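Worksheet for the structure shown next.
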Amino acid sequence: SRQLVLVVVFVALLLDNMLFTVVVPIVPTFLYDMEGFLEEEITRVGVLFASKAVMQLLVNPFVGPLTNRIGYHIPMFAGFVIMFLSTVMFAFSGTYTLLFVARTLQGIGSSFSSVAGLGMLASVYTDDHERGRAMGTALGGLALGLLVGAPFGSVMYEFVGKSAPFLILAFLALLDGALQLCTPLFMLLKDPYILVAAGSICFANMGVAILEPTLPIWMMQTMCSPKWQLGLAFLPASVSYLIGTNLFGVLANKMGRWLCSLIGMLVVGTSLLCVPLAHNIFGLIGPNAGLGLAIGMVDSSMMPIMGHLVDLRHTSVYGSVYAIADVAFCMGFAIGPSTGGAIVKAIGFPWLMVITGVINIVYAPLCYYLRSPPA
Amino acid sequence: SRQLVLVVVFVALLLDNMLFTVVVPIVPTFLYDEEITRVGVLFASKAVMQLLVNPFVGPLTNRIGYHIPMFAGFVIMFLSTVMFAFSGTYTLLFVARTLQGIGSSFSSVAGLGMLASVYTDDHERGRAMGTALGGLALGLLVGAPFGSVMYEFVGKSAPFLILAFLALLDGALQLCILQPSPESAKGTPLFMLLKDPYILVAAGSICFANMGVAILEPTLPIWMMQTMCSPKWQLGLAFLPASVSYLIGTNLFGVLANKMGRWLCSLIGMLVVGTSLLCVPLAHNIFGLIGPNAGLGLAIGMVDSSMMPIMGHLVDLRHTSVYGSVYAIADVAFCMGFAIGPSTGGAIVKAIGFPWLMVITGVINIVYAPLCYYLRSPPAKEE
Ligand SMILES: COC(=O)[C@H]1[C@H]2C[C@@H]3c4[nH]c5cc(OC)ccc5c4CCN3C[C@H]2C[C@@H](OC(=O)c2cc(OC)c(OC)c(OC)c2)[C@@H]1OC
Ligand SMILES: C[n+]1ccc(-c2ccccc2)cc1
């Protein structure tokens, strides 16, 4: 029924965020277990983190005609089985080579699910009013999974073993399988307005993209924190992000969207600058919460601007914003860690954070162009 | 004793900067007895001459102390207000402005040097200069309506005579406490302190912020008349929130700078002033400028109170303990924006436009802020 498909889509997006948010606090300690020596492996961890983004980009434009030719349910099956396989090898992987294949399979399955589930939700809901509510429910489940995934793997690593969280995620995925069993984008990427908005979103999310694969190694090398607080350190970045996106989605229309994006990028730069100063775990709640709140600001201010820009000058569909918005996230999560590993090899982590903050601040006042576009 | 020195510097900045703003609503109306180009140069006469006298006042403080320059500044300010009280021609109204500029430069450099000298603790030093900037903001806020009501109700010679009497009282207080009747440490030459990157960053920060309230003030009434079509009684009232927010910001952030962080304070102030300048030209009425002007004044007070004690902190960290030249550089940074702004702002507005000028200033401040992170912890000199 209509509630069943929404439930399975919500659970699928939940697991999709759970896997990506549980990989981040496990892989560096996983490499530490078999063996300061992460300065040489930071590049390989950056490539392993950018593999999913690069695979999602390479398989992005192929699922379009595939869903039209063979329907929407069939591409669901491939994505779910591939993500089940990626989960099962991730709990069972022992070497660096298997992790890359697991990440590529996870990226392909994430792309297939993100296409097929939203396509099904659009197809089922033809009432023209409940579709937006279902999309909001899916986004809320996405945020809930983002919140839950970060403390999960770090807490259940040194306490209940290593394969426990991945096996639990695979078992939860098996539950959803039984429930489920019963103006193109290249034409929209030539005007300056949409390109500026996409660049703003990408440069806003690149900070949290670079914070993932390079922060735990810095924490282990300097702060001497235990192995269970590494996943807890990212909790403010999720909680503050959720409160910020709710509040500023409420409040952004009053004080202007372009000012929202400008102030959000500025506070992103300031938070990233203030991040590498703390010498204890308690010095990271401020900057991380600020960065999450700022990313909520920039996303909630840039999505309606993208929608209005597409509507005013071009003809749009139910999911025009999803194609462009997922492009900016893919550039962010693909160009963040791969370049960040080489940057940390050549120069220090604080220099990388200063560079990211400087880029965000310098790109900040280019959002003046987006105020009142013409026709 | 050390508490009374702050009272002397507080009074000195109050009287000198009150004369700066009292003559504003008296000169263009009484001069009448094309025009903007010359009347505008008269308002900028103090800034041009004060910038020149700063390099000749800095090294002078190392050889004769901080008392004689302050007494000379008081005497020059009294002479300037006396000359303003009786002059009634365009030629005689320029020498008085030049004398007021010389006295203002002398008083500012001597007072800041003395305040740096007496107060040694950095956290303690961050409050005296905050209250001094608050007194300066109070003088700039109260000079305009006092002189306006005095001219409108009692005459042209009334407020200048009252300011002269207040200057006499201030000089009597100065003779009472300071007794203006050579430093052991030989301070570094001024040319060497212009090579330290931190000093240049701080001076550029103060100079850029002081370029925003400057290039906004003379060119704002013209755009208001051209677009909003407002009556004559709102042009003065538009800039009042900037002064009020400047006073509040300078006091509170002189309190808060030692706690929250000097470099973060300067960076947030620069970002706020840049965004305020960006959002200024979007207003479609007088009520659209209440917010951006208040943010601009608060951010400028933030930057000023953050970058005042940092100069003395750097001078103690690296160079010898002599504070005259660094605050001479600070006054040069303060006066450069005020001497460049009024004389050319109409030219830039006629050439490219007021919104483009605001966007350029805004963008220079937003695209300059991340350079401040360098003042987090300068390395010390070799032992
Ligand atoms: C990895 O998972 C993601 O990439 C999601 C998030 C990325 C990023 C992030 N990762 C973290 C990991 C942490 O632990 C280490 C801690 C903090 C963070 C933060 C804080 C900040 N944060 C933002 C998250 C945003 C999510 O995207 C959407 O919410 C979304 C919403 C829509 O509706 C408006 C869309 O349609 C238009 C849409 O389509 C493109 C996507 C995005 O993809 C689903
Ligand atoms: C030296 N100085 C003069 C004027 C100001 C000022 C700033 C904002 C609003 C009004 C005055 C600040 C400093």
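Just remember, in the structure tokens the first chain shown is A, the second B, etc., residues are 1-based per chain, and ligands are 1-based in the order shown.
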
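Identified as lying at most 6 Å from ligand 1 when counting only C-alpha atoms and all ligand atoms are the residues residues 17, 20, 21, 139, 150, 208, 212, 234, 237, 238, 292, 295, 321, 322, 325 and 326 of chain A.
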
With C-alpha atoms retained, write the just-selected residues as a PDB file, in the first residue's frame.
```pdb
ATOM      1  CA  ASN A  17      22.872   6.867   5.929  1.00  0.00           C
ATOM      2  CA  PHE A  20      28.041   5.831   5.551  1.00  0.00           C
ATOM      3  CA  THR A  21      27.907   7.279   9.071  1.00  0.00           C
ATOM      4  CA  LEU A 139      14.066  13.645   4.485  1.00  0.00           C
ATOM      5  CA  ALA A 150      27.468   8.387  14.153  1.00  0.00           C
ATOM      6  CA  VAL A 208      32.076  18.243   6.494  1.00  0.00           C
ATOM      7  CA  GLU A 212      35.339  12.894   8.141  1.00  0.00           C
ATOM      8  CA  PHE A 234      30.427  14.130  15.395  1.00  0.00           C
ATOM      9  CA  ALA A 237      27.474  18.224  13.851  1.00  0.00           C
ATOM     10  CA  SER A 238      24.247  16.223  13.443  1.00  0.00           C
ATOM     11  CA  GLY A 292      26.598  21.819  11.405  1.00  0.00           C
ATOM     12  CA  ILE A 295      25.593  23.735   6.768  1.00  0.00           C
ATOM     13  CA  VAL A 321      16.108  19.957  -7.797  1.00  0.00           C
ATOM     14  CA  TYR A 322      17.165  16.418  -6.845  1.00  0.00           C
ATOM     15  CA  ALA A 325      21.384  19.072  -5.648  1.00  0.00           C
ATOM     16  CA  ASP A 326      22.756  15.531  -5.730  1.00  0.00           C
TER      17      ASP A 326
END
```

Using only C-alpha atoms and all ligand atoms, which protein or nucleic acid residues are at most 9 Å from ligand 2, as a compact mmCIF listing (two decimals) with N, CA, C and O atoms, in the first residue's frame?
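Saved to out_29.txt:
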```
# COMPACT_ATOMS: atom_id res chain seq x y z
N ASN B 17 36.69 65.82 19.77
CA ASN B 17 35.80 65.24 18.78
C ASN B 17 34.41 65.86 18.82
O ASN B 17 33.64 65.69 17.86
N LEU B 133 37.42 54.80 23.69
CA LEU B 133 36.67 54.79 22.44
C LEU B 133 35.19 55.06 22.68
O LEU B 133 34.53 55.69 21.84
N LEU B 136 34.93 58.74 22.92
CA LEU B 136 35.01 59.30 21.58
C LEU B 136 33.67 59.19 20.85
O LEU B 136 33.22 60.14 20.19
N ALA B 137 33.02 58.03 20.97
CA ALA B 137 31.70 57.85 20.37
C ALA B 137 30.68 58.78 21.00
O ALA B 137 29.81 59.31 20.30
N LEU B 140 31.23 62.23 19.47
CA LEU B 140 30.70 62.30 18.11
C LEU B 140 29.18 62.29 18.10
O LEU B 140 28.57 62.90 17.21
N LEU B 141 28.56 61.61 19.06
CA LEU B 141 27.10 61.57 19.10
C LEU B 141 26.53 62.89 19.60
O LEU B 141 25.50 63.36 19.09
N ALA B 209 38.17 49.22 7.96
CA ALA B 209 36.89 49.43 8.65
C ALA B 209 36.52 50.91 8.69
O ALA B 209 35.36 51.28 8.43
N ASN B 210 37.49 51.76 8.98
CA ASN B 210 37.22 53.19 9.00
C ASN B 210 36.96 53.75 7.62
O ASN B 210 36.64 54.93 7.48
N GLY B 212 34.58 52.40 5.78
CA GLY B 212 33.19 52.06 5.47
C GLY B 212 32.26 53.13 5.98
O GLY B 212 31.43 53.60 5.19
N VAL B 213 32.39 53.51 7.25
CA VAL B 213 31.55 54.60 7.82
C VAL B 213 31.96 55.90 7.14
O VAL B 213 31.07 56.75 6.95
N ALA B 214 33.22 56.05 6.78
CA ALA B 214 33.62 57.25 6.02
C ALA B 214 32.92 57.30 4.66
O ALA B 214 32.05 58.15 4.50
N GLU B 217 29.17 58.08 4.82
CA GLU B 217 28.53 59.28 5.36
C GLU B 217 28.34 60.40 4.33
O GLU B 217 27.20 60.88 4.19
N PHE B 239 22.07 58.56 10.28
CA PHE B 239 23.36 58.10 10.78
C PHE B 239 23.42 58.00 12.30
O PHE B 239 24.45 57.56 12.84
N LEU B 240 22.36 58.40 13.00
CA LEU B 240 22.32 58.27 14.46
C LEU B 240 22.43 56.83 14.96
O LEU B 240 23.16 56.59 15.94
N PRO B 241 21.71 55.84 14.39
CA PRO B 241 21.88 54.45 14.84
C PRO B 241 23.30 53.93 14.70
O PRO B 241 23.72 53.12 15.53
N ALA B 242 24.05 54.39 13.70
CA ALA B 242 25.44 53.99 13.58
C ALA B 242 26.26 54.45 14.78
O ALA B 242 27.04 53.67 15.34
N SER B 243 26.07 55.70 15.21
CA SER B 243 26.81 56.21 16.36
C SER B 243 26.40 55.52 17.65
O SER B 243 27.26 55.18 18.48
N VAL B 244 25.10 55.29 17.84
CA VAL B 244 24.62 54.64 19.06
C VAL B 244 25.15 53.21 19.14
O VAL B 244 25.66 52.77 20.19
N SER B 245 25.05 52.47 18.03
CA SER B 245 25.56 51.11 18.00
C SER B 245 27.08 51.08 18.14
O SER B 245 27.62 50.14 18.72
N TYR B 246 27.77 52.11 17.64
CA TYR B 246 29.21 52.18 17.82
C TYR B 246 29.57 52.33 19.29
O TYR B 246 30.50 51.67 19.78
N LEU B 247 28.84 53.18 20.02
CA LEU B 247 29.10 53.35 21.45
C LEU B 247 28.85 52.05 22.22
O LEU B 247 29.69 51.61 23.03
N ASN B 293 23.01 50.05 9.50
CA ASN B 293 23.84 51.06 10.14
C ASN B 293 24.21 50.66 11.56
O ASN B 293 25.35 50.89 12.00
N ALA B 294 23.26 50.08 12.30
CA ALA B 294 23.56 49.61 13.65
C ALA B 294 24.59 48.49 13.63
O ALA B 294 25.52 48.48 14.45
N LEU B 296 26.82 48.04 11.30
CA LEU B 296 28.07 48.66 10.89
C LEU B 296 28.78 49.33 12.06
O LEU B 296 29.98 49.14 12.27
N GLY B 297 28.03 50.10 12.85
CA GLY B 297 28.62 50.76 14.00
C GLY B 297 29.12 49.79 15.05
O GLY B 297 30.22 49.95 15.60
N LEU B 298 28.34 48.74 15.32
CA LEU B 298 28.76 47.73 16.29
C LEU B 298 30.00 46.99 15.82
O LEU B 298 30.93 46.76 16.61
N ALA B 299 30.06 46.63 14.54
CA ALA B 299 31.22 45.92 14.02
C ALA B 299 32.46 46.80 14.03
O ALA B 299 33.57 46.32 14.29
N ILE B 300 32.30 48.10 13.74
CA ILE B 300 33.46 48.98 13.73
C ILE B 300 33.97 49.21 15.15
O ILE B 300 35.18 49.27 15.37
N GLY B 301 33.06 49.34 16.12
CA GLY B 301 33.49 49.40 17.51
C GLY B 301 34.19 48.13 17.94
O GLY B 301 35.18 48.17 18.68
N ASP B 304 37.72 48.21 16.34
CA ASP B 304 38.57 49.21 16.97
C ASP B 304 39.02 48.77 18.36
O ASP B 304 40.21 48.85 18.69
N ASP B 331 46.71 55.92 14.53
CA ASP B 331 46.01 57.16 14.19
C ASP B 331 46.12 57.46 12.69
O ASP B 331 45.18 58.02 12.11
N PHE B 334 43.48 55.35 11.19
CA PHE B 334 42.21 56.00 11.46
C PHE B 334 41.93 57.18 10.55
O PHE B 334 40.79 57.34 10.09
N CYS B 335 42.93 58.02 10.28
CA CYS B 335 42.71 59.26 9.55
C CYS B 335 42.80 59.11 8.04
O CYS B 335 42.28 59.97 7.31
N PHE B 338 39.32 58.68 6.52
CA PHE B 338 38.54 59.90 6.63
C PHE B 338 39.07 61.02 5.74
O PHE B 338 38.30 61.92 5.38
```

Study note, to complete from the structure: With distances taken over only C-alpha atoms, the candidate from B:264, B:351, B:26, B:190 nearest chain A is B:264

Exercise for review: Name all residues at most 12 Å from residue 315 of chain B (count only C-alpha atoms; drop same-chain ones fewer than 3 positions away) and give them as a PyMOL selection string.
Suggested key: chain B and resi 116-117+122+187-188+192-193+196+198-199+308-312+318-327+378-381

Check your understanding: So which one's closest to chain A, B:287, B:305, B:275, B:345? Using only C-alpha atoms, please.
Key -> B:275

Contacts of residue 367 of chain B at 10 Å (only C-alpha atoms; same-chain gap of 2+ positions) as a PDB file with C-alpha atoms, in the first residue's frame:
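Saved to out14.pdb:
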```pdb
ATOM      1  CA  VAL A 358      39.393  30.725   3.298  1.00  0.00           C
ATOM      2  CA  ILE A 359      37.756  29.268   0.180  1.00  0.00           C
ATOM      3  CA  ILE A 361      34.798  32.967   3.012  1.00  0.00           C
ATOM      4  CA  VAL A 362      36.051  34.083  -0.409  1.00  0.00           C
ATOM      5  CA  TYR A 363      33.128  32.377  -2.169  1.00  0.00           C
ATOM      6  CA  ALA A 364      30.729  33.892   0.404  1.00  0.00           C
ATOM      7  CA  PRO A 365      30.049  37.303  -1.238  1.00  0.00           C
TER       8      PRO A 365
ATOM      9  CA  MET B 270      35.007  42.732   9.528  1.00  0.00           C
ATOM     10  CA  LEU B 271      32.434  40.206   8.313  1.00  0.00           C
ATOM     11  CA  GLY B 274      31.206  43.951   5.017  1.00  0.00           C
ATOM     12  CA  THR B 361      33.934  48.199   0.063  1.00  0.00           C
ATOM     13  CA  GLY B 362      31.796  45.369   1.361  1.00  0.00           C
ATOM     14  CA  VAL B 363      33.684  42.865  -0.763  1.00  0.00           C
ATOM     15  CA  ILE B 364      37.110  44.256   0.236  1.00  0.00           C
ATOM     16  CA  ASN B 365      36.238  43.823   3.961  1.00  0.00           C
ATOM     17  CA  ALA B 369      38.863  39.150   7.005  1.00  0.00           C
ATOM     18  CA  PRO B 370      40.625  35.735   6.988  1.00  0.00           C
ATOM     19  CA  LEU B 371      44.012  37.502   7.070  1.00  0.00           C
TER      20      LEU B 371
END
```

Review point. Residues at most 8 Å from residue 345 of chain A, counting only C-alpha atoms, excluding those fewer than 6 positions away in the same chain, as a ChimeraX atom specification?
Key: /A:39-40,42-43

Output file for the residues above (C-alpha atoms, as a PDB file, in the first residue's frame):
```pdb
ATOM      1  CA  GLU A  39      50.443  10.204   7.429  1.00  0.00           C
ATOM      2  CA  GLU A  40      51.182   7.684   4.664  1.00  0.00           C
ATOM      3  CA  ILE A  42      45.713   9.251   4.765  1.00  0.00           C
ATOM      4  CA  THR A  43      45.786   9.352   0.956  1.00  0.00           C
TER       5      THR A  43
END
```

Review point. Which one of A:332, A:256, A:207, A:140 sits closest to chain B if you count only C-alpha atoms?
Key: A:256

Point to revise | Spatial neighbours of segment 42-45 of chain B, 12 Å, only C-alpha atoms, chain gap at least 3 places, as a PyMOL selection string | key: chain B and resi 20-28+31+35-39+48-52+90-102+214-215+217-218+335-345

Exercise for review: Give me, please, the distance in Å between atom CA of residue 276 of chain A and atom CA of residue 296 of chain A, quoted to one decimal.
Suggested key: 21.3 Å

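For the pair atom CA of residue 323 of chain A and atom CA of residue 79 of chain A, the separation is 18.4 Å.
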
Point to revise | Close residues, residue 180 of chain A itself excluded, 9 Å, only C-alpha atoms, min 6 positions apart in chain, as a ChimeraX atom specification | key: /A:4-5,8-9

**Study point:** segment 166-209 of chain B: residues DSSP assigns to helix (DSSP H, G or I), reported as number ranges by chain
**Key:** B: 166-177, 190-193, 197-209

Next, dump the selected residues to file, keeping only N, CA, C and O atoms, as a JSON list (two decimals), in the first residue's frame.
```
[["chain", "number", "residue", "atom", "x", "y", "z"],
["B", 166, "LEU", "N", 34.52, 74.67, 28.31],
["B", 166, "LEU", "CA", 34.77, 73.29, 28.69],
["B", 166, "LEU", "C", 36.23, 72.91, 28.46],
["B", 166, "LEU", "O", 36.82, 72.16, 29.25],
["B", 167, "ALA", "N", 36.83, 73.43, 27.39],
["B", 167, "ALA", "CA", 38.25, 73.19, 27.15],
["B", 167, "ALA", "C", 39.11, 73.83, 28.22],
["B", 167, "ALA", "O", 40.13, 73.26, 28.63],
["B", 168, "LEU", "N", 38.72, 75.02, 28.69],
["B", 168, "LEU", "CA", 39.43, 75.66, 29.80],
["B", 168, "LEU", "C", 39.34, 74.82, 31.06],
["B", 168, "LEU", "O", 40.33, 74.66, 31.79],
["B", 169, "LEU", "N", 38.16, 74.26, 31.34],
["B", 169, "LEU", "CA", 38.01, 73.37, 32.49],
["B", 169, "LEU", "C", 38.88, 72.12, 32.34],
["B", 169, "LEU", "O", 39.51, 71.67, 33.31],
["B", 170, "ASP", "N", 38.93, 71.56, 31.13],
["B", 170, "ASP", "CA", 39.76, 70.38, 30.88],
["B", 170, "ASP", "C", 41.24, 70.69, 31.06],
["B", 170, "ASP", "O", 41.99, 69.89, 31.62],
["B", 171, "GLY", "N", 41.67, 71.86, 30.59],
["B", 171, "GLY", "CA", 43.06, 72.26, 30.78],
["B", 171, "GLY", "C", 43.40, 72.49, 32.24],
["B", 171, "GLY", "O", 44.51, 72.18, 32.69],
["B", 172, "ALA", "N", 42.46, 73.06, 33.00],
["B", 172, "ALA", "CA", 42.67, 73.22, 34.44],
["B", 172, "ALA", "C", 42.80, 71.87, 35.12],
["B", 172, "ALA", "O", 43.67, 71.68, 35.99],
["B", 173, "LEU", "N", 41.96, 70.90, 34.74],
["B", 173, "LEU", "CA", 42.08, 69.55, 35.28],
["B", 173, "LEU", "C", 43.41, 68.92, 34.91],
["B", 173, "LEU", "O", 44.03, 68.23, 35.73],
["B", 174, "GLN", "N", 43.86, 69.13, 33.67],
["B", 174, "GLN", "CA", 45.14, 68.59, 33.22],
["B", 174, "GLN", "C", 46.30, 69.16, 34.02],
["B", 174, "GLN", "O", 47.20, 68.43, 34.43],
["B", 175, "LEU", "N", 46.29, 70.48, 34.25],
["B", 175, "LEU", "CA", 47.32, 71.08, 35.09],
["B", 175, "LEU", "C", 47.22, 70.58, 36.52],
["B", 175, "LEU", "O", 48.24, 70.48, 37.21],
["B", 176, "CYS", "N", 46.01, 70.28, 36.99],
["B", 176, "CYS", "CA", 45.84, 69.79, 38.36],
["B", 176, "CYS", "C", 46.46, 68.41, 38.54],
["B", 176, "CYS", "O", 47.22, 68.18, 39.49],
["B", 177, "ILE", "N", 46.16, 67.47, 37.65],
["B", 177, "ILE", "CA", 46.57, 66.08, 37.83],
["B", 177, "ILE", "C", 47.90, 65.77, 37.16],
["B", 177, "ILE", "O", 48.83, 65.27, 37.80],
["B", 190, "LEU", "N", 60.41, 54.29, 13.52],
["B", 190, "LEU", "CA", 59.11, 54.06, 12.90],
["B", 190, "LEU", "C", 59.23, 53.25, 11.61],
["B", 190, "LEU", "O", 58.28, 52.55, 11.24],
["B", 191, "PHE", "N", 60.36, 53.33, 10.92],
["B", 191, "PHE", "CA", 60.49, 52.63, 9.65],
["B", 191, "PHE", "C", 60.61, 51.12, 9.83],
["B", 191, "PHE", "O", 60.24, 50.36, 8.94],
["B", 192, "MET", "N", 61.13, 50.67, 10.98],
["B", 192, "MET", "CA", 61.26, 49.24, 11.22],
["B", 192, "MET", "C", 59.93, 48.61, 11.61],
["B", 192, "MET", "O", 59.68, 47.45, 11.26],
["B", 193, "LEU", "N", 59.07, 49.34, 12.32],
["B", 193, "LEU", "CA", 57.78, 48.80, 12.73],
["B", 193, "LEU", "C", 56.81, 48.68, 11.57],
["B", 193, "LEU", "O", 55.78, 48.00, 11.70],
["B", 197, "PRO", "N", 54.77, 42.08, 9.85],
["B", 197, "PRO", "CA", 53.48, 41.81, 9.18],
["B", 197, "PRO", "C", 52.27, 41.95, 10.08],
["B", 197, "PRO", "O", 51.20, 42.35, 9.59],
["B", 198, "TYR", "N", 52.39, 41.65, 11.38],
["B", 198, "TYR", "CA", 51.24, 41.76, 12.27],
["B", 198, "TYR", "C", 50.80, 43.21, 12.44],
["B", 198, "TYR", "O", 49.59, 43.50, 12.47],
["B", 199, "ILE", "N", 51.76, 44.13, 12.57],
["B", 199, "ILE", "CA", 51.44, 45.55, 12.69],
["B", 199, "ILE", "C", 50.76, 46.04, 11.42],
["B", 199, "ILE", "O", 49.79, 46.82, 11.48],
["B", 200, "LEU", "N", 51.24, 45.61, 10.26],
["B", 200, "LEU", "CA", 50.61, 45.99, 9.00],
["B", 200, "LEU", "C", 49.20, 45.44, 8.89],
["B", 200, "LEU", "O", 48.30, 46.12, 8.40],
["B", 201, "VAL", "N", 48.98, 44.21, 9.36],
["B", 201, "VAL", "CA", 47.65, 43.61, 9.30],
["B", 201, "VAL", "C", 46.69, 44.38, 10.19],
["B", 201, "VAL", "O", 45.55, 44.68, 9.80],
["B", 202, "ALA", "N", 47.12, 44.73, 11.41],
["B", 202, "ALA", "CA", 46.26, 45.48, 12.32],
["B", 202, "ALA", "C", 45.95, 46.88, 11.78],
["B", 202, "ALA", "O", 44.80, 47.34, 11.83],
["B", 203, "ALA", "N", 46.97, 47.56, 11.25],
["B", 203, "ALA", "CA", 46.77, 48.90, 10.69],
["B", 203, "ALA", "C", 45.84, 48.85, 9.49],
["B", 203, "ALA", "O", 44.95, 49.70, 9.35],
["B", 204, "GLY", "N", 46.02, 47.86, 8.61],
["B", 204, "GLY", "CA", 45.12, 47.70, 7.48],
["B", 204, "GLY", "C", 43.71, 47.37, 7.90],
["B", 204, "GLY", "O", 42.75, 47.81, 7.25],
["B", 205, "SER", "N", 43.55, 46.61, 8.98],
["B", 205, "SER", "CA", 42.21, 46.28, 9.47],
["B", 205, "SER", "C", 41.48, 47.54, 9.93],
["B", 205, "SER", "O", 40.32, 47.78, 9.53],
["B", 206, "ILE", "N", 42.14, 48.35, 10.76],
["B", 206, "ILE", "CA", 41.52, 49.59, 11.24],
["B", 206, "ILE", "C", 41.26, 50.53, 10.07],
["B", 206, "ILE", "O", 40.20, 51.17, 10.00],
["B", 207, "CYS", "N", 42.20, 50.61, 9.13],
["B", 207, "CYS", "CA", 42.05, 51.50, 7.98],
["B", 207, "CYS", "C", 40.88, 51.08, 7.10],
["B", 207, "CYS", "O", 40.11, 51.93, 6.64],
["B", 208, "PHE", "N", 40.72, 49.78, 6.86],
["B", 208, "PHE", "CA", 39.63, 49.32, 6.00],
["B", 208, "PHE", "C", 38.27, 49.52, 6.66],
["B", 208, "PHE", "O", 37.32, 49.94, 6.00],
["B", 209, "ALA", "N", 38.17, 49.22, 7.96],
["B", 209, "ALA", "CA", 36.89, 49.43, 8.65],
["B", 209, "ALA", "C", 36.52, 50.91, 8.69],
["B", 209, "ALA", "O", 35.36, 51.28, 8.43]]
```
